[PDB]
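Pasting start13.pdb here (PDB, C-alpha atoms and all ligand atoms):
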```
ATOM      1  CA  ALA A   1      -3.572  16.743  -1.377
ATOM      2  CA  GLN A   2      -6.131  16.858  -4.196
ATOM      3  CA  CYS A   3      -6.109  13.342  -5.370
ATOM      4  CA  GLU A   4      -2.723  12.536  -3.767
ATOM      5  CA  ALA A   5      -1.562  11.464  -0.346
ATOM      6  CA  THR A   6       1.828  10.860   1.191
ATOM      7  CA  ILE A   7       2.467   7.971   3.621
ATOM      8  CA  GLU A   8       5.607   7.325   5.642
ATOM      9  CA  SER A   9       7.148   4.003   6.659
ATOM     10  CA  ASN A  10      10.050   3.855   9.178
ATOM     11  CA  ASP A  11      12.451   1.369  10.794
ATOM     12  CA  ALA A  12       9.863   0.565  13.471
ATOM     13  CA  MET A  13       7.638  -1.332  11.026
ATOM     14  CA  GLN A  14       5.053   1.389  11.041
ATOM     15  CA  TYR A  15       3.115   3.655   8.666
ATOM     16  CA  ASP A  16       2.187   7.137   9.980
ATOM     17  CA  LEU A  17      -1.394   7.053   8.545
ATOM     18  CA  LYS A  18      -4.103   4.501   9.629
ATOM     19  CA  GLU A  19      -6.655   5.660   7.100
ATOM     20  CA  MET A  20      -6.740   7.299   3.682
ATOM     21  CA  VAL A  21      -9.683   9.074   2.100
ATOM     22  CA  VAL A  22     -10.085   9.328  -1.679
ATOM     23  CA  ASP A  23     -12.155  12.376  -2.745
ATOM     24  CA  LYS A  24     -15.172  11.672  -5.022
ATOM     25  CA  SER A  25     -14.122  14.296  -7.569
ATOM     26  CA  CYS A  26     -11.028  12.234  -8.287
ATOM     27  CA  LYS A  27     -10.704  10.103 -11.370
ATOM     28  CA  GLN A  28      -7.048   9.077 -10.562
ATOM     29  CA  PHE A  29      -5.482   8.713  -7.104
ATOM     30  CA  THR A  30      -1.761   8.942  -6.366
ATOM     31  CA  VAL A  31       0.031   7.535  -3.305
ATOM     32  CA  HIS A  32       3.554   8.635  -2.449
ATOM     33  CA  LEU A  33       5.326   6.185  -0.132
ATOM     34  CA  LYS A  34       8.401   7.394   1.713
ATOM     35  CA  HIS A  35      10.736   5.151   3.732
ATOM     36  CA  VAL A  36      12.064   7.607   6.416
ATOM     37  CA  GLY A  37      14.272   4.976   8.062
ATOM     38  CA  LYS A  38      17.866   3.977   7.376
ATOM     39  CA  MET A  39      17.518   0.169   7.115
ATOM     40  CA  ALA A  40      18.309  -1.697   3.889
ATOM     41  CA  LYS A  41      15.494  -3.052   1.732
ATOM     42  CA  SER A  42      16.633  -6.627   2.443
ATOM     43  CA  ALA A  43      16.162  -6.012   6.193
ATOM     44  CA  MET A  44      13.241  -3.633   6.415
ATOM     45  CA  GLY A  45      11.925  -3.008   2.918
ATOM     46  CA  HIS A  46       8.473  -1.442   2.584
ATOM     47  CA  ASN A  47       5.760  -1.289  -0.012
ATOM     48  CA  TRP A  48       2.112  -0.163  -0.045
ATOM     49  CA  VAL A  49      -0.527  -2.603  -1.374
ATOM     50  CA  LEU A  50      -4.257  -2.018  -1.973
ATOM     51  CA  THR A  51      -6.802  -4.875  -1.684
ATOM     52  CA  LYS A  52     -10.341  -5.614  -0.545
ATOM     53  CA  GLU A  53      -9.969  -6.033   3.241
ATOM     54  CA  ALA A  54     -11.013  -9.538   2.557
ATOM     55  CA  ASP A  55      -7.996 -10.197   0.308
ATOM     56  CA  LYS A  56      -5.369  -8.811   2.778
ATOM     57  CA  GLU A  57      -3.896 -12.099   4.138
ATOM     58  CA  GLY A  58      -4.135 -14.133   0.885
ATOM     59  CA  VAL A  59      -2.421 -11.362  -1.167
ATOM     60  CA  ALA A  60       0.175 -10.973   1.645
ATOM     61  CA  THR A  61       0.872 -14.674   1.635
ATOM     62  CA  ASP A  62       1.160 -14.911  -2.117
ATOM     63  CA  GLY A  63       3.313 -11.728  -2.220
ATOM     64  CA  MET A  64       5.815 -13.188   0.289
ATOM     65  CA  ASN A  65       6.212 -16.136  -2.066
ATOM     66  CA  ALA A  66       6.899 -13.905  -5.039
ATOM     67  CA  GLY A  67      10.261 -12.665  -3.702
ATOM     68  CA  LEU A  68      11.978  -9.262  -3.659
ATOM     69  CA  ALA A  69      12.399  -8.985  -7.470
ATOM     70  CA  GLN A  70       8.542  -8.989  -7.758
ATOM     71  CA  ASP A  71       8.274  -6.422  -4.946
ATOM     72  CA  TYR A  72       6.665  -9.087  -2.746
ATOM     73  CA  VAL A  73       3.484  -9.071  -4.882
ATOM     74  CA  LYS A  74       2.337 -12.039  -6.978
ATOM     75  CA  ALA A  75       2.729 -10.809 -10.540
ATOM     76  CA  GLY A  76      -0.598  -9.993 -12.142
ATOM     77  CA  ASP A  77      -2.370 -10.765  -8.865
ATOM     78  CA  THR A  78      -5.900  -9.636  -9.739
ATOM     79  CA  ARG A  79      -6.812  -9.072  -6.061
ATOM     80  CA  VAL A  80      -4.326  -6.148  -6.089
ATOM     81  CA  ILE A  81      -5.811  -2.733  -7.019
ATOM     82  CA  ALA A  82      -2.437  -0.936  -6.853
ATOM     83  CA  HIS A  83       0.974  -1.327  -5.262
ATOM     84  CA  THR A  84       4.332   0.420  -5.112
ATOM     85  CA  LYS A  85       7.791  -1.068  -5.370
ATOM     86  CA  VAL A  86       9.627  -2.328  -2.239
ATOM     87  CA  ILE A  87      11.887   0.633  -1.108
ATOM     88  CA  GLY A  88      14.710   0.924   1.484
ATOM     89  CA  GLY A  89      15.621   3.695   3.933
ATOM     90  CA  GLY A  90      15.866   7.093   2.339
ATOM     91  CA  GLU A  91      13.834   6.213  -0.704
ATOM     92  CA  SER A  92      10.391   6.855  -2.031
ATOM     93  CA  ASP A  93       7.940   5.509  -4.590
ATOM     94  CA  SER A  94       4.556   6.575  -6.057
ATOM     95  CA  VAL A  95       1.646   4.742  -7.617
ATOM     96  CA  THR A  96      -1.338   6.340  -9.397
ATOM     97  CA  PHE A  97      -4.541   4.255  -9.761
ATOM     98  CA  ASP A  98      -7.920   4.580 -11.460
ATOM     99  CA  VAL A  99     -10.532   5.388  -8.855
ATOM    100  CA  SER A 100     -13.317   3.689 -10.769
ATOM    101  CA  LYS A 101     -11.641   0.473  -9.426
ATOM    102  CA  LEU A 102     -13.064   1.426  -6.078
ATOM    103  CA  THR A 103     -16.740   1.043  -5.146
ATOM    104  CA  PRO A 104     -18.081   3.932  -3.052
ATOM    105  CA  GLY A 105     -18.557   3.220   0.644
ATOM    106  CA  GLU A 106     -16.376   0.090   0.621
ATOM    107  CA  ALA A 107     -13.366  -0.119   2.902
ATOM    108  CA  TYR A 108     -10.160  -1.246   1.475
ATOM    109  CA  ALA A 109      -7.038  -2.479   3.116
ATOM    110  CA  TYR A 110      -3.608  -1.027   2.377
ATOM    111  CA  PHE A 111      -0.640  -2.937   3.924
ATOM    112  CA  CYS A 112       3.070  -3.673   3.505
ATOM    113  CA  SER A 113       3.641  -7.091   1.896
ATOM    114  CA  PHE A 114       7.358  -7.328   2.794
ATOM    115  CA  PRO A 115       7.651 -10.658   4.780
ATOM    116  CA  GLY A 116       6.135 -10.360   8.282
ATOM    117  CA  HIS A 117       5.026  -6.682   7.916
ATOM    118  CA  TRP A 118       1.265  -6.997   7.114
ATOM    119  CA  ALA A 119       0.507  -7.554  10.843
ATOM    120  CA  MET A 120       1.907  -4.214  11.976
ATOM    121  CA  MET A 121       1.621  -2.201   8.684
ATOM    122  CA  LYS A 122      -1.988  -1.721   7.585
ATOM    123  CA  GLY A 123      -4.719   0.872   7.233
ATOM    124  CA  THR A 124      -8.020   1.491   5.577
ATOM    125  CA  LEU A 125      -8.809   3.365   2.448
ATOM    126  CA  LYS A 126     -12.302   4.568   1.428
ATOM    127  CA  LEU A 127     -13.847   6.843  -1.179
ATOM    128  CA  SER A 128     -15.567   9.837   0.596
ATOM    129  CA  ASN A 129     -16.904  13.375  -0.154
TER     130      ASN A 129
HETATM  131 CU    CU A 201       7.085  -3.075   5.353
END
```

Before anything else, please render the file you have as structure tokens.
Ligand SMILES: [Cu+2]
Amino acid sequence: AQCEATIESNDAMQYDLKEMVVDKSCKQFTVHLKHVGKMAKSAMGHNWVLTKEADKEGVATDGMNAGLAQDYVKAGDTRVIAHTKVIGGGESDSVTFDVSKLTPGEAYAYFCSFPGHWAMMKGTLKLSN
């Protein structure tokens, strides 16, 4: 979508994309998260979080402990490349990140850090041309 992509989250605790590709010509990347469900953020809130695949579970665990006001992301967690807000049904959010944060040919994990969702809601992101 240039240097943008749109991802959908629903009431089934799913994302519609399992992988994202960042083009090499991009200096900035933008992700647009949409919550196409009708459930409340307290019940089935979704976010989109970018980490080294390695940091997935540790960031997820710390995020859970941060609470909803922190969007289920430990504040200033340095393992976090980018993340959106936690949204409810009918909402959306966008995050733009600096691509030079990514290392070519390395796979990254994107997941939802709302409590219990990282196990069902995850995908890979990589830089490719
Ligand atoms: Cu979620």

Got a sec to check which residues lie within 8 Å of ligand CU 201 (chain A), using all atoms listed in the file, and send them as a ChimeraX atom specification? /A:9,13-14,44-48,111-118,121

Spatial neighbours of range 22-37 of chain A, 6 Å, all atoms listed in the file, chain gap at least 5 places, as a ChimeraX atom specification: /A:3-11,89-99,127-129

Coordinates of box centre and edge lengths for range 25-36 of chain A, 4 Å on every side, axis-aligned, as AutoDock Vina command-line options:
```
--center_x -1.0 --center_y 9.7 --center_z -2.5 --size_x 34.2 --size_y 17.1 --size_z 25.8
```

When you count all atoms listed in the file, which of these residues is closest to residue 102 in chain A: A:17, A:50, A:77, A:84? A:50

So how far away is CA of residue 100 in chain A from CA of residue 87 in chain A, in Å? 27.2 Å

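Distance-wise, CA of residue 110 in chain A and CA of residue 49 in chain A end up 5.1 Å apart.
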
Check what the PyMOL selection byres (((chain A and resi 109) around 12) and not hetatm) selects in the file above and give those residues as a ChimeraX atom specification. /A:18-21,48-57,59-60,79-83,102,106-108,110-113,118-119,121-126

Using C-alpha atoms, can you write the selected residues to a file as a PDB file, keeping the file's coordinate frame?
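To be explicit, this is the file written out as result.pdb:
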```pdb
ATOM      1  CA  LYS A  18      -4.103   4.501   9.629  1.00  0.00           C
ATOM      2  CA  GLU A  19      -6.655   5.660   7.100  1.00  0.00           C
ATOM      3  CA  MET A  20      -6.740   7.299   3.682  1.00  0.00           C
ATOM      4  CA  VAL A  21      -9.683   9.074   2.100  1.00  0.00           C
ATOM      5  CA  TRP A  48       2.112  -0.163  -0.045  1.00  0.00           C
ATOM      6  CA  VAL A  49      -0.527  -2.603  -1.374  1.00  0.00           C
ATOM      7  CA  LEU A  50      -4.257  -2.018  -1.973  1.00  0.00           C
ATOM      8  CA  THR A  51      -6.802  -4.875  -1.684  1.00  0.00           C
ATOM      9  CA  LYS A  52     -10.341  -5.614  -0.545  1.00  0.00           C
ATOM     10  CA  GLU A  53      -9.969  -6.033   3.241  1.00  0.00           C
ATOM     11  CA  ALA A  54     -11.013  -9.538   2.557  1.00  0.00           C
ATOM     12  CA  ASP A  55      -7.996 -10.197   0.308  1.00  0.00           C
ATOM     13  CA  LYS A  56      -5.369  -8.811   2.778  1.00  0.00           C
ATOM     14  CA  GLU A  57      -3.896 -12.099   4.138  1.00  0.00           C
ATOM     15  CA  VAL A  59      -2.421 -11.362  -1.167  1.00  0.00           C
ATOM     16  CA  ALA A  60       0.175 -10.973   1.645  1.00  0.00           C
ATOM     17  CA  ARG A  79      -6.812  -9.072  -6.061  1.00  0.00           C
ATOM     18  CA  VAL A  80      -4.326  -6.148  -6.089  1.00  0.00           C
ATOM     19  CA  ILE A  81      -5.811  -2.733  -7.019  1.00  0.00           C
ATOM     20  CA  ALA A  82      -2.437  -0.936  -6.853  1.00  0.00           C
ATOM     21  CA  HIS A  83       0.974  -1.327  -5.262  1.00  0.00           C
ATOM     22  CA  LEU A 102     -13.064   1.426  -6.078  1.00  0.00           C
ATOM     23  CA  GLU A 106     -16.376   0.090   0.621  1.00  0.00           C
ATOM     24  CA  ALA A 107     -13.366  -0.119   2.902  1.00  0.00           C
ATOM     25  CA  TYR A 108     -10.160  -1.246   1.475  1.00  0.00           C
ATOM     26  CA  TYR A 110      -3.608  -1.027   2.377  1.00  0.00           C
ATOM     27  CA  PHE A 111      -0.640  -2.937   3.924  1.00  0.00           C
ATOM     28  CA  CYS A 112       3.070  -3.673   3.505  1.00  0.00           C
ATOM     29  CA  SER A 113       3.641  -7.091   1.896  1.00  0.00           C
ATOM     30  CA  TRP A 118       1.265  -6.997   7.114  1.00  0.00           C
ATOM     31  CA  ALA A 119       0.507  -7.554  10.843  1.00  0.00           C
ATOM     32  CA  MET A 121       1.621  -2.201   8.684  1.00  0.00           C
ATOM     33  CA  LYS A 122      -1.988  -1.721   7.585  1.00  0.00           C
ATOM     34  CA  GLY A 123      -4.719   0.872   7.233  1.00  0.00           C
ATOM     35  CA  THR A 124      -8.020   1.491   5.577  1.00  0.00           C
ATOM     36  CA  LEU A 125      -8.809   3.365   2.448  1.00  0.00           C
ATOM     37  CA  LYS A 126     -12.302   4.568   1.428  1.00  0.00           C
TER      38      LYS A 126
END
```

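The interatomic distance for the pair CA of residue 101 in chain A and CA of residue 76 in chain A works out to 15.5 Å.
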
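Remark: for residue 40 in chain A, the closest of the candidate residues A:86, A:58, A:69, A:75 is A:86 (distances computed over all atoms listed in the file).
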
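Comparing A:73, A:67, A:43, A:62 by their smallest distance to residue 88 in chain A, the closest is A:43 (using all atoms listed in the file).
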